[PDB]
Structures are given as C-alpha cells and as structure tokens.
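Coordinates from final15.pdb are shown below (PDB, C-alpha atoms).
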ATOM      1  CA  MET A   1      97.975 -23.698  97.144  1.00  0.00           C
ATOM      2  CA  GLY A   2      99.066 -20.353  98.528  1.00  0.00           C
ATOM      3  CA  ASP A   3     101.584 -22.304 100.601  1.00  0.00           C
ATOM      4  CA  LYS A   4     102.206 -20.514 103.881  1.00  0.00           C
ATOM      5  CA  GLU A   5     105.864 -19.903 104.584  1.00  0.00           C
ATOM      6  CA  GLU A   6     105.734 -19.690 108.341  1.00  0.00           C
ATOM      7  CA  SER A   7     108.048 -18.019 110.825  1.00  0.00           C
ATOM      8  CA  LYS A   8     109.270 -19.972 113.834  1.00  0.00           C
ATOM      9  CA  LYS A   9     110.885 -17.678 116.346  1.00  0.00           C
ATOM     10  CA  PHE A  10     112.710 -18.889 119.436  1.00  0.00           C
ATOM     11  CA  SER A  11     114.501 -16.642 121.903  1.00  0.00           C
ATOM     12  CA  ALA A  12     117.287 -17.818 124.186  1.00  0.00           C
ATOM     13  CA  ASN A  13     118.643 -15.303 126.681  1.00  0.00           C
ATOM     14  CA  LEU A  14     122.110 -16.643 127.442  1.00  0.00           C
ATOM     15  CA  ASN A  15     125.660 -15.365 128.094  1.00  0.00           C
ATOM     16  CA  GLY A  16     124.244 -11.832 128.111  1.00  0.00           C
ATOM     17  CA  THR A  17     123.189 -12.142 124.501  1.00  0.00           C
ATOM     18  CA  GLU A  18     119.514 -12.345 123.602  1.00  0.00           C
ATOM     19  CA  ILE A  19     119.461 -14.695 120.625  1.00  0.00           C
ATOM     20  CA  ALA A  20     116.064 -14.876 118.979  1.00  0.00           C
ATOM     21  CA  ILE A  21     116.103 -16.724 115.683  1.00  0.00           C
ATOM     22  CA  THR A  22     113.099 -16.208 113.455  1.00  0.00           C
ATOM     23  CA  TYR A  23     113.450 -18.972 110.883  1.00  0.00           C
ATOM     24  CA  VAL A  24     110.931 -19.080 108.061  1.00  0.00           C
ATOM     25  CA  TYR A  25     110.210 -22.507 106.666  1.00  0.00           C
ATOM     26  CA  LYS A  26     108.077 -23.496 103.710  1.00  0.00           C
ATOM     27  CA  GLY A  27     106.853 -27.061 103.567  1.00  0.00           C
ATOM     28  CA  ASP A  28     109.425 -29.196 105.355  1.00  0.00           C
ATOM     29  CA  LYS A  29     112.391 -27.022 104.437  1.00  0.00           C
ATOM     30  CA  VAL A  30     113.644 -24.007 106.348  1.00  0.00           C
ATOM     31  CA  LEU A  31     114.473 -21.286 103.835  1.00  0.00           C
ATOM     32  CA  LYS A  32     115.393 -18.135 105.778  1.00  0.00           C
ATOM     33  CA  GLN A  33     117.084 -18.023 109.175  1.00  0.00           C
ATOM     34  CA  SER A  34     116.739 -14.631 110.836  1.00  0.00           C
ATOM     35  CA  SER A  35     119.255 -14.925 113.653  1.00  0.00           C
ATOM     36  CA  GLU A  36     118.781 -11.749 115.631  1.00  0.00           C
ATOM     37  CA  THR A  37     121.326 -11.539 118.433  1.00  0.00           C
ATOM     38  CA  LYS A  38     120.877  -8.702 120.912  1.00  0.00           C
ATOM     39  CA  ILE A  39     124.323  -8.274 122.422  1.00  0.00           C
ATOM     40  CA  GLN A  40     124.712  -6.172 125.551  1.00  0.00           C
ATOM     41  CA  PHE A  41     127.747  -4.002 126.256  1.00  0.00           C
ATOM     42  CA  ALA A  42     130.075  -4.701 129.206  1.00  0.00           C
ATOM     43  CA  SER A  43     129.342  -8.421 128.755  1.00  0.00           C
ATOM     44  CA  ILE A  44     130.892  -8.225 125.282  1.00  0.00           C
ATOM     45  CA  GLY A  45     133.838  -6.427 126.864  1.00  0.00           C
ATOM     46  CA  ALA A  46     132.953  -3.225 125.052  1.00  0.00           C
ATOM     47  CA  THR A  47     132.180   0.009 126.861  1.00  0.00           C
ATOM     48  CA  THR A  48     131.695   2.017 123.662  1.00  0.00           C
ATOM     49  CA  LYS A  49     130.203   1.323 120.223  1.00  0.00           C
ATOM     50  CA  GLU A  50     133.634   1.823 118.655  1.00  0.00           C
ATOM     51  CA  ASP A  51     135.215  -0.892 120.789  1.00  0.00           C
ATOM     52  CA  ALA A  52     132.140  -3.020 120.143  1.00  0.00           C
ATOM     53  CA  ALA A  53     132.467  -2.773 116.360  1.00  0.00           C
ATOM     54  CA  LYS A  54     136.170  -3.664 116.542  1.00  0.00           C
ATOM     55  CA  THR A  55     134.963  -6.878 118.171  1.00  0.00           C
ATOM     56  CA  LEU A  56     131.879  -7.494 116.014  1.00  0.00           C
ATOM     57  CA  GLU A  57     133.108  -6.600 112.501  1.00  0.00           C
ATOM     58  CA  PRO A  58     135.614  -9.554 112.356  1.00  0.00           C
ATOM     59  CA  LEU A  59     132.717 -11.906 113.126  1.00  0.00           C
ATOM     60  CA  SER A  60     129.969 -10.297 111.045  1.00  0.00           C
ATOM     61  CA  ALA A  61     132.431 -10.157 108.136  1.00  0.00           C
ATOM     62  CA  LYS A  62     132.568 -13.953 108.253  1.00  0.00           C
ATOM     63  CA  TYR A  63     129.144 -14.074 106.615  1.00  0.00           C
ATOM     64  CA  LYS A  64     130.416 -11.827 103.830  1.00  0.00           C
ATOM     65  CA  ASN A  65     128.908 -13.543 100.780  1.00  0.00           C
ATOM     66  CA  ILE A  66     128.430 -17.182 101.793  1.00  0.00           C
ATOM     67  CA  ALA A  67     124.884 -16.891 100.511  1.00  0.00           C
ATOM     68  CA  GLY A  68     121.970 -14.542 101.029  1.00  0.00           C
ATOM     69  CA  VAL A  69     123.494 -13.845 104.427  1.00  0.00           C
ATOM     70  CA  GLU A  70     122.574 -10.367 105.605  1.00  0.00           C
ATOM     71  CA  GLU A  71     124.429  -8.899 108.579  1.00  0.00           C
ATOM     72  CA  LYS A  72     122.752  -5.862 110.145  1.00  0.00           C
ATOM     73  CA  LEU A  73     124.784  -4.512 113.042  1.00  0.00           C
ATOM     74  CA  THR A  74     122.370  -2.150 114.745  1.00  0.00           C
ATOM     75  CA  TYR A  75     124.110  -0.469 117.667  1.00  0.00           C
ATOM     76  CA  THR A  76     123.597   2.804 119.486  1.00  0.00           C
ATOM     77  CA  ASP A  77     125.623   2.681 122.692  1.00  0.00           C
ATOM     78  CA  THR A  78     123.722   0.541 125.196  1.00  0.00           C
ATOM     79  CA  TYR A  79     123.309  -2.577 123.068  1.00  0.00           C
ATOM     80  CA  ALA A  80     124.299  -4.048 119.726  1.00  0.00           C
ATOM     81  CA  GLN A  81     121.641  -6.022 117.891  1.00  0.00           C
ATOM     82  CA  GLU A  82     123.150  -8.190 115.179  1.00  0.00           C
ATOM     83  CA  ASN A  83     120.155  -8.912 112.980  1.00  0.00           C
ATOM     84  CA  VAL A  84     121.291 -11.834 110.870  1.00  0.00           C
ATOM     85  CA  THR A  85     119.469 -13.296 107.891  1.00  0.00           C
ATOM     86  CA  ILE A  86     120.833 -16.559 106.513  1.00  0.00           C
ATOM     87  CA  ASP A  87     119.245 -17.582 103.218  1.00  0.00           C
ATOM     88  CA  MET A  88     119.040 -21.376 103.015  1.00  0.00           C
ATOM     89  CA  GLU A  89     118.462 -21.417  99.262  1.00  0.00           C
ATOM     90  CA  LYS A  90     122.082 -20.620  98.437  1.00  0.00           C
ATOM     91  CA  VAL A  91     123.858 -21.739 101.628  1.00  0.00           C
ATOM     92  CA  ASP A  92     127.435 -22.939 101.532  1.00  0.00           C
ATOM     93  CA  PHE A  93     127.759 -25.349 104.435  1.00  0.00           C
ATOM     94  CA  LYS A  94     131.524 -25.570 103.956  1.00  0.00           C
ATOM     95  CA  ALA A  95     132.215 -22.071 105.235  1.00  0.00           C
ATOM     96  CA  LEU A  96     129.119 -22.045 107.464  1.00  0.00           C
ATOM     97  CA  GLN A  97     130.787 -24.605 109.757  1.00  0.00           C
ATOM     98  CA  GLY A  98     133.314 -21.932 110.694  1.00  0.00           C
ATOM     99  CA  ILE A  99     130.794 -19.103 110.800  1.00  0.00           C
ATOM    100  CA  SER A 100     127.624 -19.888 112.704  1.00  0.00           C
ATOM    101  CA  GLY A 101     128.679 -23.469 113.330  1.00  0.00           C
ATOM    102  CA  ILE A 102     125.291 -24.742 114.469  1.00  0.00           C
ATOM    103  CA  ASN A 103     127.266 -27.583 116.049  1.00  0.00           C
ATOM    104  CA  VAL A 104     124.257 -28.737 118.057  1.00  0.00           C
ATOM    105  CA  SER A 105     123.861 -31.544 115.566  1.00  0.00           C
ATOM    106  CA  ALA A 106     126.422 -32.256 112.856  1.00  0.00           C
ATOM    107  CA  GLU A 107     123.668 -33.996 110.912  1.00  0.00           C
ATOM    108  CA  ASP A 108     121.599 -30.819 110.700  1.00  0.00           C
ATOM    109  CA  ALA A 109     124.220 -28.181 109.927  1.00  0.00           C
ATOM    110  CA  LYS A 110     126.248 -30.287 107.472  1.00  0.00           C
ATOM    111  CA  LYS A 111     123.517 -32.055 105.501  1.00  0.00           C
ATOM    112  CA  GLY A 112     121.204 -29.079 105.173  1.00  0.00           C
ATOM    113  CA  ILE A 113     118.792 -27.643 107.701  1.00  0.00           C
ATOM    114  CA  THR A 114     115.448 -29.405 107.549  1.00  0.00           C
ATOM    115  CA  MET A 115     112.327 -28.538 109.575  1.00  0.00           C
ATOM    116  CA  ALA A 116     112.389 -31.924 111.323  1.00  0.00           C
ATOM    117  CA  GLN A 117     116.020 -31.215 112.162  1.00  0.00           C
ATOM    118  CA  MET A 118     115.734 -27.571 113.270  1.00  0.00           C
ATOM    119  CA  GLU A 119     112.762 -28.543 115.480  1.00  0.00           C
ATOM    120  CA  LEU A 120     114.265 -31.559 117.274  1.00  0.00           C
ATOM    121  CA  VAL A 121     117.687 -29.946 117.202  1.00  0.00           C
ATOM    122  CA  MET A 122     116.643 -26.605 118.719  1.00  0.00           C
ATOM    123  CA  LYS A 123     114.686 -28.550 121.323  1.00  0.00           C
ATOM    124  CA  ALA A 124     117.882 -30.522 121.898  1.00  0.00           C
ATOM    125  CA  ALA A 125     119.700 -27.198 122.201  1.00  0.00           C
ATOM    126  CA  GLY A 126     117.451 -26.448 125.161  1.00  0.00           C
ATOM    127  CA  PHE A 127     116.207 -23.188 123.691  1.00  0.00           C
ATOM    128  CA  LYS A 128     112.770 -21.739 124.394  1.00  0.00           C
ATOM    129  CA  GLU A 129     110.520 -20.955 121.457  1.00  0.00           C
ATOM    130  CA  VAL A 130     108.374 -17.854 121.665  1.00  0.00           C
ATOM    131  CA  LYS A 131     106.638 -18.724 118.388  1.00  0.00           C
ATOM    132  CA  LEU A 132     105.907 -15.063 117.658  1.00  0.00           C
ATOM    133  CA  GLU A 133     103.885 -14.374 120.775  1.00  0.00           C
ATOM    134  CA  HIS A 134     104.867 -12.415 123.870  1.00  0.00           C
ATOM    135  CA  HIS A 135     101.405 -11.832 125.330  1.00  0.00           C
ATOM    136  CA  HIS A 136     100.959 -15.591 125.736  1.00  0.00           C
ATOM    137  CA  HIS A 137     100.757 -15.094 129.496  1.00  0.00           C
ATOM    138  CA  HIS A 138      97.028 -14.565 130.017  1.00  0.00           C
ATOM    139  CA  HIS A 139      97.304 -14.693 133.800  1.00  0.00           C
TER     140      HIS A 139
END
Please lay out the structure from this file as structure tokens.
Amino acid sequence: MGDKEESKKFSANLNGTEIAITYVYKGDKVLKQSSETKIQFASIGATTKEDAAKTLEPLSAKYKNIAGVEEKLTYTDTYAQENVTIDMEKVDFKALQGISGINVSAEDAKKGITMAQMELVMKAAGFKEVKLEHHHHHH
C-alpha cells in the first residue's frame, strides 16, 4: 500500500568523529544503512588529506564487495566524511563482524539487523537520534 520506507537518522559526536547513521527501514526490517562518519583531521592523526587516505583506504577497502556497501570518502583538507551505505538485502554478516562490527549486541549484528533490534540496540549504544530534524529546538 505504497509502503513508506522511512529513514531513521541518529548522530553521535564522539572521539572527534561525527557519526550520523541514516538507516532506511521498510516494515520491520532495516534495508539500507547510511553510515556517514565525519572524521576530523588532527584527531585522526592526519595533517593532510594524503596522510588521511593512507589511514582511511585500508579501512574503507574492508567493505569492498561484502554487499551493496558503498564507501564514499569525501575529503578536502579540513575533514574527511566517509559516507557509507550498507545494503541489508545482500549483507554478509561473516565479514561484517570484522568490518563495521556493530558489537553493541551480538544478537543484532550476527542474526540480521531488525528494526526492533536497531532501535533498542542504538538506544543501548547511548546514541542520540536526530530523526531527520535539526530545527527541533523551537526555543
């Protein structure tokens, strides 16, 4: 019935990395996990984009072809935004355990991410959801 596939976007600013995951779920199943990690320089140990890539490539190359896992390293000089898109319709959870891990709950990451899981599990992770709204602060 049209069936809205809805985006749930949380954003945790930790370790110097701004991780905002926009995961789209349809029904009770999450289907696309947009894990957009805004990494800042200096904190990563990189002073230049070259040195940054030499640190990032090894990690971003882990996704490779696990599934519909898109790795967009967008970096100018001041920051490196790793826009990740994990497709949960072809996911291999074998390799994923050594990639993204998602070791917040072994039940979630190993058995297949479910909306009930991602919800309770991201709440358990202590992350703050922004939904998709930033102007939520009326006054």
For residue 63 in chain A, which residue among A:101, A:16, A:27, A:45 is the nearest when counting only C-alpha atoms? A:101
To verify the selection step, state as a ChimeraX atom specification which residues the PyMOL selection byres ((chain A and resi 3-10) around 6) yields on this input. /A:1-2,11,20-26,128-132
Quick check, in Å to one decimal: how far apart do CA of residue 119 in chain A and CA of residue 28 in chain A lie?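 These two atoms are separated by 10.7 Å.
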I would like the residues chosen by the PyMOL selection byres ((chain A and resi 81-93) around 7) on the shown file; could you give them as number ranges by chain? A: 30-39, 66-75, 79-80, 94-97, 110
At what distance in Å, to one decimal, does CA of residue 48 in chain A lie from CA of residue 78 in chain A?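 Atom-to-atom, CA of residue 78 in chain A to CA of residue 48 in chain A, that is 8.3 Å.
When the PyMOL selection byres ((chain A and resi 104) around 8) is evaluated on the file shown here, the picked residues come out as residues 102, 103, 105, 106, 121, 122, 124 and 125 of chain A.
Comparing A:18, A:99, A:123, A:117 by their smallest distance to residue 59 in chain A, the closest is A:99 (using all atoms listed in the file).
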Using all atoms listed in the file: which of A:19, A:12, A:29, A:54 has the shortest distance to residue 112 in chain A: A:29
Among the residues A:107, A:65, A:13, A:76, the one that comes closest to residue 41 in chain A [using only C-alpha atoms]: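 Of the candidates, the smallest distance to residue 41 in chain A is held by A:76.
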If I take CA of residue 127 in chain A and CA of residue 57 in chain A, how far is one from the other in Å, to one decimal?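 So the answer is 26.2 Å.
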